[PDB]
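Listing of final12.txt; format and content: compact mmCIF, C-alpha atoms.
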```txt
# COMPACT_ATOMS: atom_id res chain seq x y z
CA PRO R 1 -15.19 -22.74 -4.57
CA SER R 2 -17.24 -21.75 -1.52
CA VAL R 3 -15.26 -21.11 1.65
CA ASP R 4 -15.60 -19.90 5.24
CA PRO R 5 -16.39 -16.18 4.82
CA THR R 6 -13.55 -15.05 7.12
CA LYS R 7 -11.01 -17.41 5.59
CA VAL R 8 -9.02 -17.60 2.36
CA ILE R 9 -7.51 -20.68 0.80
CA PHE R 10 -4.32 -20.58 -1.19
CA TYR R 11 -3.84 -23.33 -3.70
CA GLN R 12 -0.65 -24.85 -5.03
CA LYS R 13 -2.12 -25.11 -8.54
CA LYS R 14 -4.18 -22.74 -10.69
CA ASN R 15 -8.00 -22.83 -10.71
CA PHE R 16 -8.30 -23.88 -7.05
CA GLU R 17 -7.06 -27.45 -7.51
CA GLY R 18 -5.19 -29.45 -4.88
CA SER R 19 -5.69 -29.41 -1.11
CA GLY R 20 -4.88 -25.77 -0.36
CA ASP R 21 -3.59 -23.95 2.73
CA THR R 22 -6.25 -22.09 4.73
CA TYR R 23 -5.61 -18.68 6.35
CA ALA R 24 -7.82 -16.60 8.69
CA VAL R 25 -8.56 -12.89 9.07
CA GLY R 26 -5.77 -11.42 11.19
CA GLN R 27 -2.99 -13.58 9.75
CA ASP R 28 0.08 -11.85 8.44
CA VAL R 29 2.35 -14.14 6.47
CA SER R 30 5.85 -13.62 5.09
CA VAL R 31 7.60 -16.12 2.83
CA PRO R 32 11.33 -16.47 2.00
CA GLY R 33 10.99 -16.01 -1.77
CA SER R 34 7.75 -15.02 -3.43
CA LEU R 35 4.18 -16.16 -2.78
CA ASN R 36 4.21 -18.03 -6.11
CA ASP R 37 6.81 -20.50 -4.83
CA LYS R 38 3.86 -22.14 -3.10
CA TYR R 39 0.65 -20.63 -4.46
CA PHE R 40 -0.95 -20.27 -7.88
CA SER R 41 -4.56 -19.47 -6.98
CA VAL R 42 -6.63 -18.15 -4.08
CA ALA R 43 -10.23 -18.55 -2.93
CA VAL R 44 -11.45 -15.59 -0.94
CA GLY R 45 -14.21 -15.79 1.62
CA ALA R 46 -17.15 -13.42 1.26
CA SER R 47 -16.10 -11.28 4.23
CA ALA R 48 -12.37 -11.61 3.68
CA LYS R 49 -9.83 -9.84 1.53
CA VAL R 50 -6.09 -10.31 0.94
CA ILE R 51 -3.58 -7.50 0.81
CA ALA R 52 -0.27 -8.76 -0.63
CA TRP R 53 2.96 -6.78 -0.95
CA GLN R 54 6.72 -6.78 -1.18
CA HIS R 55 8.61 -6.88 2.10
CA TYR R 56 12.06 -7.44 0.57
CA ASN R 57 12.23 -3.93 -0.85
CA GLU R 58 10.83 -0.45 -0.45
CA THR R 59 8.85 -0.19 -3.70
CA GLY R 60 5.45 -0.45 -2.01
CA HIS R 61 4.25 -2.71 -4.82
CA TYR R 62 1.08 -4.53 -3.87
CA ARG R 63 -2.06 -6.34 -4.98
CA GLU R 64 -5.49 -6.70 -3.40
CA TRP R 65 -7.46 -9.90 -3.90
CA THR R 66 -11.07 -9.11 -3.00
CA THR R 67 -12.59 -12.10 -4.79
CA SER R 68 -11.41 -15.58 -5.69
CA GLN R 69 -8.62 -15.49 -8.32
CA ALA R 70 -8.01 -18.56 -10.46
CA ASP R 71 -4.49 -17.40 -11.41
CA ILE R 72 -2.06 -15.40 -9.25
CA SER R 73 1.13 -16.73 -10.87
CA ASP R 74 2.06 -13.32 -12.32
CA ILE R 75 1.89 -10.70 -9.58
CA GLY R 76 5.46 -9.53 -9.27
CA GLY R 77 7.58 -11.05 -6.56
CA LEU R 78 5.13 -10.28 -3.74
CA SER R 79 6.35 -11.96 -0.58
CA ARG R 80 4.00 -10.98 2.22
CA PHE R 81 0.25 -10.88 2.74
CA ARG R 82 -2.35 -10.05 5.35
CA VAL R 83 -5.83 -11.50 5.48
CA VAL R 84 -8.18 -8.69 6.48
CA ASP R 85 -11.90 -7.93 6.76
CA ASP R 86 -13.58 -7.01 3.47
CA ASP R 87 -13.97 -3.38 4.54
CA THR R 88 -10.40 -2.98 5.72
CA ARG R 89 -8.58 -0.50 3.48
CA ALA R 90 -5.24 -0.58 1.76
CA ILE R 91 -3.83 2.93 1.96
CA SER R 92 -1.82 3.75 -1.15
CA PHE R 93 0.12 6.74 -2.55
CA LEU R 94 1.30 7.74 -6.03
CA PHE R 95 4.01 10.43 -6.05
CA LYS R 96 3.95 13.13 -8.73
CA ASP R 97 6.00 16.22 -9.40
CA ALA R 98 4.52 19.35 -10.96
CA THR R 99 7.72 21.42 -10.74
CA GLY R 100 9.30 20.24 -14.00
CA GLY R 101 11.75 17.66 -12.69
CA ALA R 102 13.10 14.53 -14.36
CA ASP R 103 11.58 11.13 -13.71
CA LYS R 104 12.57 9.95 -10.23
CA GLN R 105 14.22 13.29 -9.46
CA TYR R 106 12.32 13.45 -6.16
CA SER R 107 11.62 10.79 -3.58
CA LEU R 108 8.89 10.52 -1.01
CA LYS R 109 9.91 8.22 1.84
CA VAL R 110 7.02 7.04 3.97
CA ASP R 111 8.00 5.30 7.19
CA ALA R 112 4.98 3.03 7.49
CA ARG R 113 5.39 1.00 10.64
CA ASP R 114 2.77 -1.62 9.75
CA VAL R 115 3.63 -2.44 6.13
CA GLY R 116 7.25 -1.27 6.15
CA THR R 117 9.18 1.71 4.76
CA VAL R 118 8.22 2.75 1.23
CA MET R 119 10.30 4.85 -1.14
CA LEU R 120 8.18 6.44 -3.87
CA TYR R 121 9.79 8.20 -6.81
CA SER R 122 8.26 11.11 -8.68
CA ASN R 123 6.63 10.64 -12.08
CA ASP R 124 7.87 7.04 -12.07
CA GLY R 125 4.89 5.42 -13.76
CA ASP R 126 1.50 4.37 -12.49
CA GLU R 127 2.13 1.81 -9.74
CA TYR R 128 0.81 2.94 -6.37
CA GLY R 129 2.71 2.12 -3.22
CA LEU R 130 1.09 0.53 -0.19
CA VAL R 131 1.72 2.88 2.75
CA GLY R 132 -0.71 1.56 5.35
CA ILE R 133 -3.58 -0.76 6.25
CA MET R 134 -6.57 0.62 8.13
CA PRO R 135 -9.56 -1.36 9.37
CA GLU R 136 -13.00 0.23 9.15
CA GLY R 137 -13.27 2.67 12.05
CA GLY R 138 -9.63 1.95 12.81
CA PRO R 139 -7.38 4.03 15.05
CA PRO R 140 -5.79 7.14 13.45
CA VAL R 141 -2.16 6.88 12.40
CA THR R 142 0.75 9.29 12.02
CA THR R 143 3.50 8.27 9.60
CA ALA R 144 6.75 10.15 9.05
CA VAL R 145 7.48 11.42 5.54
CA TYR R 146 10.63 12.77 3.87
CA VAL R 147 10.83 14.59 0.54
CA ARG R 148 14.24 14.60 -1.09
CA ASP R 149 15.79 15.78 -4.34
CA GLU R 150 17.63 12.60 -5.32
CA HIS R 151 19.96 14.34 -7.76
CA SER R 152 21.26 16.99 -5.39
CA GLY R 153 20.64 14.98 -2.21
CA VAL R 154 18.93 17.96 -0.60
CA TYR R 155 15.82 17.48 1.52
CA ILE R 156 12.89 19.57 0.38
CA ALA R 157 10.78 18.77 3.38
CA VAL R 158 10.45 16.56 6.40
CA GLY R 159 7.24 15.98 8.29
CA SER R 160 4.41 13.52 8.65
CA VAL R 161 1.02 12.47 7.35
CA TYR R 162 -2.00 11.80 9.55
CA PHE R 163 -4.55 9.18 8.45
CA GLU R 164 -7.96 8.93 10.03
CA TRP R 165 -11.12 6.97 9.34
CA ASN R 166 -14.00 9.02 7.97
CA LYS R 167 -17.13 7.40 9.39
CA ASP R 168 -19.47 9.55 7.30
CA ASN R 169 -18.00 8.47 3.96
CA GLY R 170 -16.56 5.14 5.11
CA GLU R 171 -13.20 6.26 3.75
CA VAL R 172 -9.62 6.91 4.79
CA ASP R 173 -8.76 10.61 5.03
CA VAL R 174 -5.40 12.30 4.77
CA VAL R 175 -5.40 15.18 7.24
CA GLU R 176 -3.00 17.91 6.16
CA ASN R 177 -2.00 19.41 9.52
CA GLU R 178 0.96 21.54 10.59
CA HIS R 179 3.45 18.69 10.05
CA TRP R 180 2.30 17.96 6.49
CA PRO R 181 4.86 19.54 4.12
CA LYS R 182 3.37 22.64 2.50
CA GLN R 183 5.30 21.63 -0.62
CA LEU R 184 2.96 18.66 -1.10
CA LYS R 185 -0.68 18.43 -2.13
CA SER R 186 -2.76 15.28 -1.75
CA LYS R 187 -5.64 14.46 -4.08
CA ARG R 188 -8.04 11.60 -3.39
CA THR R 189 -8.11 9.00 -6.18
CA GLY R 190 -10.12 6.35 -4.34
CA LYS R 191 -11.58 5.26 -1.00
CA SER R 192 -8.05 5.06 0.38
CA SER R 193 -5.71 6.05 -2.47
CA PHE R 194 -4.07 9.42 -2.96
CA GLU R 195 -1.98 11.16 -5.58
CA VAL R 196 0.60 13.17 -3.67
CA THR R 197 2.08 15.95 -5.79
CA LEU R 198 5.18 18.09 -5.26
CA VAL R 199 3.88 21.57 -6.09
CA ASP R 200 6.89 23.54 -4.83
CA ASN R 201 10.53 22.44 -4.80
CA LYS R 202 11.80 25.21 -2.55
CA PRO R 203 13.08 23.68 0.73
CA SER R 204 11.44 24.55 4.02
```

Can you dump the structure from the file as structure tokens?
Amino acid sequence: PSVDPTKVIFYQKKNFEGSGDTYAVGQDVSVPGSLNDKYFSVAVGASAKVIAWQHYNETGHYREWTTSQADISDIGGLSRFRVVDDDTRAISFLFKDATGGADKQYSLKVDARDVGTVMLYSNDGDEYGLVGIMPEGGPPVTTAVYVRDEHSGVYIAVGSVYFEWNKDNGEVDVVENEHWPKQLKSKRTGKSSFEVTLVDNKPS
């Protein structure tokens, strides 16, 4: 339909039918099961955006709804969402391994305090994990990270990642400082998405 630009309306049926529950920018909502136990479609205000993810596990699985969606019945079991400004960024990682390991041989644990702990596995497909949410010009954030060989149990590296808003580019930047594991390389894949690659499997 046509809604308040800083609001979103979730509807019980597909194609925006029924009364709908309205939510405002700033609301963070967690449900007992999945979002689909109540909602099948969502109208998104012109200045709003929804970031939805899974708070009952550490997969980091998420979706962004930036425009009205007439069918959200098939989104995985996403169970939490935040209504944010249109220019607020979902920070996401995909974890790769260039050292010749098996699928899921390595894990990257990211202790995101806003969206919750995420456990990413190496070369485990194409689904990014949500590891933070940063408003435009938001405060910088440090998040602890842990790189482990899951087979052996041995930690390759322990450190942290520093996110900051880049005002010039209107982007999120990963700053690789002295606590960023030298064994990892980040590569930008979007305004706030990064492929993080294990380039060396020798422990610190």

Proximity to residue R:109 - best of R:148, R:55, R:96, R:38, all atoms listed in the file: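 Among the listed residues, the smallest separation from residue R:109 belongs to R:148.
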
Which residue of R:42, R:35, R:157, R:51 approaches residue R:106 most closely, using all atoms listed in the file: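 Going through R:42, R:35, R:157, R:51 one by one, the smallest distance to residue R:106 is for R:157.
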
Long-range neighbours of residue R:90 as a ChimeraX atom specification, 9 Å cut-off, only C-alpha atoms, 2 positions minimum in chain: /R:51,64,88,92,130-135,192-193

Atomic distance atom CA of residue R:191 - atom CA of residue R:10, expressed in Å with one decimal: 26.8 Å

Proximity to residue R:150 - best of R:174, R:119, R:9, R:25, all atoms listed in the file: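 Closest to residue R:150, using all atoms listed in the file: R:119.
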
Pick from R:129, R:23, R:93, R:176 nearest to residue R:54, counting all atoms listed in the file: R:129

Residue among R:33, R:1, R:159, R:139 lying closest to residue R:20, counting all atoms listed in the file: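 Of R:33, R:1, R:159, R:139, the one nearest residue R:20 is R:1, counting all atoms listed in the file.
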
Best match for closeness to residue R:4 among R:195, R:53, R:47, R:144, counting only C-alpha atoms: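 Among the listed residues, the smallest separation from residue R:4 belongs to R:47.
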
Point-to-point distance in Å for atom CA of residue R:114 and atom CA of residue R:197: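 Between atom CA of residue R:197 and atom CA of residue R:114 the gap works out to 23.5 Å.
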
How big is the axis-aligned box around all listed atoms of stretch 134-148 of chain R once 8 Å goes on each side, and where's its centre, in Å to one decimal, as JSON?
```
{"center_x": 0.5, "center_y": 6.6, "center_z": 7.0, "size_x": 43.5, "size_y": 32.0, "size_z": 32.1}
```

Computed interatomic separation between atom CA of residue R:187 and atom CA of residue R:175 (Å):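 Taking atom CA of residue R:187 as the start and atom CA of residue R:175 as the end point, the length is 11.3 Å.
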
6 Å contact set for residue R:105, all atoms listed in the file, chain neighbours under 2 positions out, as a ChimeraX atom specification: /R:101-103,149-150

Those same residues, written as an mmCIF file, in the coordinates of the input with C-alpha atoms?
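Result written to out-v4.cif:
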```
data_model
loop_
_atom_site.group_PDB
_atom_site.id
_atom_site.type_symbol
_atom_site.label_atom_id
_atom_site.label_comp_id
_atom_site.auth_asym_id
_atom_site.auth_seq_id
_atom_site.Cartn_x
_atom_site.Cartn_y
_atom_site.Cartn_z
ATOM 1 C CA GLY R 101 11.750 17.660 -12.690
ATOM 2 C CA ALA R 102 13.100 14.530 -14.360
ATOM 3 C CA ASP R 103 11.580 11.130 -13.710
ATOM 4 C CA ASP R 149 15.790 15.780 -4.340
ATOM 5 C CA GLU R 150 17.630 12.600 -5.320
#
```

Spatial neighbours of residue R:29, 7 Å, all atoms listed in the file, chain gap at least 6 places, as a list in words: residues 80, 81 and 82 of chain R

Selection near residue R:41, 6 Å with all atoms listed in the file, sequence-local residues under 3 positions removed, as number ranges by chain: R: 10-11, 14, 16, 69-72

Residue neighbourhood residue R:85, 10 Å, only C-alpha atoms, exclusion window fewer than 5 positions, as an MDAnalysis selection string: chainID R and resid 5:7 24:26 45:50 66 135:136

Sel. within 9 Å of pt (6.1, 13.6, 7.7), counting all atoms listed in the file, output as an MDAnalysis selection string: chainID R and resid 109:111 142:147 157:162 179:181
